[PDB]
């Protein structure tokens, strides 16, 4: 029933959510590729395959200064999204400054970081 789950993975593209007070909240598209070092995020990359089918990669990105509620929630929401997608998504943990080349490659400007973030839920 979660509204963002209902939007997840319906078209090829890139969807980014930030954990905010124990919820998934869309990131404004203008900000894509910039990440607050104080926060945790969930990213769903959807690719249209040759057959027309959809491929899913879920990445949860953990800022060096994110709080434990945020990193824990990002991990749990990742599992729940994968389950919603009938287990088809491959899950990837991304730590600030050590992200996979696949994850970096989603952003034409590359990955950048910013001080601060949304307040912890704890």
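Numbering follows the first chain given and starts at 1.
Stretch exceeding the other in mean C-alpha B-factor - 58-66, 87-95: Taking the mean B-factor of the alpha carbons in each, 87-95 is higher.
Residue range whose averaged C-alpha B-factor is higher in the record, 104-112 or 15-23: For C-alpha atoms only, the mean B-factor is higher in 104-112.
Selection by C-alpha B-factor (highest) of 71, 78, 37, 53: That would be 53, according to the entry.
Ranked C-alpha temperature factor of residue 44 among modelled chain residues, by third: Answer is middle: the recorded C-alpha B-factor places it there.
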